[PDB]
Amino acid sequence: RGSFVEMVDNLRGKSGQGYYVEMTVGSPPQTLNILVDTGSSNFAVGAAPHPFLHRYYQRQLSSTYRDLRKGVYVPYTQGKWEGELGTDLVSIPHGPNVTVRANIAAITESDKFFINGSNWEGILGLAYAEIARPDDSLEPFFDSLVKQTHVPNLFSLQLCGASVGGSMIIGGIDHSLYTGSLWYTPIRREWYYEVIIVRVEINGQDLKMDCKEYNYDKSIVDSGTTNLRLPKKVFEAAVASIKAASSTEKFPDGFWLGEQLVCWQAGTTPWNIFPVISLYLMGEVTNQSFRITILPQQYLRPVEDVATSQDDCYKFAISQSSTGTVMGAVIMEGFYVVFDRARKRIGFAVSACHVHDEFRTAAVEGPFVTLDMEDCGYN
Ligand SMILES: Cc1cc([C@@]2(c3cccc(-c4cncc(Cl)c4)c3)COC(N)=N2)ccc1OC(F)F
Ligand code: NA
Ligand code: NA
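Numbers 57 to 218, 230 to 446, taken from the deposited numbering, label the letters of the sequence shown in order.
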């Protein structure tokens, strides 16, 4: 408990392409880089020589593979993936010293799933069975891990922005990874890591919106989304408020829509003209909340690959949604986040690694008195 040195720094990444952990599958072990994804529930890996992939799962080479004789088809916006289900033996070299028999979806065909240039080959869905494909009877990796071992039923994530890095502590917490105290918000329902936002402030100013809007039709904590994604109505109000606070300088209207980038000479990015953003989350006690506070350092994402420019180019990392609020890396990079599955709660503390300046830092503060917090959830 409290200290897990062999798991510190076990995550890597490229900005905008998520964080991945090294895993092994089959016997003898095949090493793969696997995206850490708290927004889905399948362990799905490349299993055929797609051209974007550094490597792939070669089932024929594993003496421990078992076929489930079941296919899986997964469509989404603009694409799909398709695979074949089985089980095999899975370890995390920089995780707990255990090996488990887990469900693996061997991906045989995909469109717009893998990234050309990225260093990962599969996805570790860490969310719940309710959203597994094809159905909730396909046991997610973490459920198998807990059933089959003595690893405690929780994991925590320290994502460090910028090639990025971080830690995934499986089965516990490392106190060196955060400062101050952890504050907990209940997991509203075990499908996504669903939470309830009860209040939103920009630079200290309440958006004074019916709090149901903040959670229309859900809010989730998702390591596999880059951005903070806000429902349309909340996003409109959020930028309107952000536009106002930052009107000391002007930017194209398309910038706030993430349709163009914005650039400053190096060393000369004006952080101070930008407002802090505070989300108040439902607390553990009736009528009690806490708030988490992020900086422009979190919501203005560094974009390296621009041949049209030669400066500090940033994308605005806040965007509309029709699927609800999504607290992606933008949020998580500010905090140490504890996915306390045993107690159905998510903990937040200031991350010991988060990017800030000398004037402002990310914050986790409470308690606050907030009434009618149950009304904030959408049915
Ligand atoms: C349909 C589907 C989507 C996902 C998804 C995902 C897929 C592929 C790439 C990225 C990604 C790309 N670039 C930066 C990042 Cl940070 C992530 C994210 C979409 O949303 C989340 N959270 N993960 C995961 C598994 C799924 O399979 C099914 F089993 F549900
Ligand atoms: Na167990
Ligand atoms: Na600490």
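Where a beta carbon is used, it is the ideal one built from N, C-alpha and C, also for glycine.
Kindly indicate which residue of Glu432, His421, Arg427 has the alpha-carbon position closest to the one of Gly414. Comparing alpha-carbon positions, the option among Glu432, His421, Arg427 lying closest to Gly414 turns out to be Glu432.
Anticipated Cβ contact below 8 Å, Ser286 with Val262, distance rounded: Contact between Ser286 and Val262 is confirmed by a C-beta separation of about 5 Å, below the 8 Å threshold.
Check for me: the beta strand (DSSP E) holding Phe435 runs from which residue to which? Counting along the chain, the beta strand (DSSP E) containing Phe435 begins and ends at 430-436.
Just list the beta strand (DSSP E) runs in the segment 332-418, keeping only unbroken ones of 3 residues or longer that don't cross its boundaries, in chain order. Taken in chain order, the unbroken stretches of beta strand (DSSP E) that lie wholly in the segment 332-418 and span 3 residues or more are 344-349, 355-361, 367-370, 379-383, 385-388, 392-394, 402-407, 412-418.
Quick check: what's the CA-CA separation for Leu328 versus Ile385? Here the alpha carbons of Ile385 and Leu328 stand approximately 13 Å from one another.
DSSP three-state label for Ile148, please. Here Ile148 sits in coil by DSSP.
Inter-residue Cα distance where the pair is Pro131 and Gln364: When rounded, the separation of the alpha-carbon atoms in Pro131 and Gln364 is 34 Å.
Is the closest heavy atom of ligand 2 to the C-beta of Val202 under 6 Å? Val202 Cβ: within cutoff of ligand 2.
Beta carbon of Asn294 nearer than 7 Å to that of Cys443: No, the Cβ-Cβ distance between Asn294 and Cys443 is not below 7 Å.
Quick one: Cα of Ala409 to Cα of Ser418, how far? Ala409 and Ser418 have their C-alpha atoms some 22 Å from each other.
Less than 7 Å between C-beta atoms, sequence neighbours within five positions excluded: which residues of the same chain meet that for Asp284? For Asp284, where only same-chain residues beyond five positions count, the Cβ hits under 7 Å are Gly391, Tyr445.
Check whether the Cβ of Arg189 lies closer than 6 Å to any heavy atom of ligand 1, and answer yes or no. At least one heavy atom of ligand 1 is found less than 6 Å from the C-beta of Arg189.
Whole-number beta carbon distance between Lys299 and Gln387, since they are thought to touch under 8 Å: Contact flag correct, Cβ pair sits at about 5 Å.
Return helix, strand or coil for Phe99, following the three-state DSSP convention. Look at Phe99 here: in three-state DSSP terms it is strand.
Have a look at the DSSP bridge pairing and note the partners of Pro131. DSSP, once it has assigned bridges, lists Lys136 as partnering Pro131.
What residues in its chain sit with their C-beta under 7 Å from that of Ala304, if we drop five residues either side in the sequence? Contacts found: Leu274, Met276.
Could you check which residue in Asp372, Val352, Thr375 has the C-alpha nearest to that of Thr437? Of the listed residues, the one whose Cα sits closest to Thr437 is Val352.
Just to confirm, is the Cβ distance from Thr94 to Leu182 under 7 Å? Yes, the pair counts as a contact, with Cβ atoms nearer than the cut-off.
In DSSP terms, what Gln86 is bridged to: In the DSSP assignment, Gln86 forms a beta bridge with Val81.
Given 6 Å as the limit, tell me if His206 has its C-beta closer than that to any heavy atom belonging to ligand 3. The answer is no for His206.
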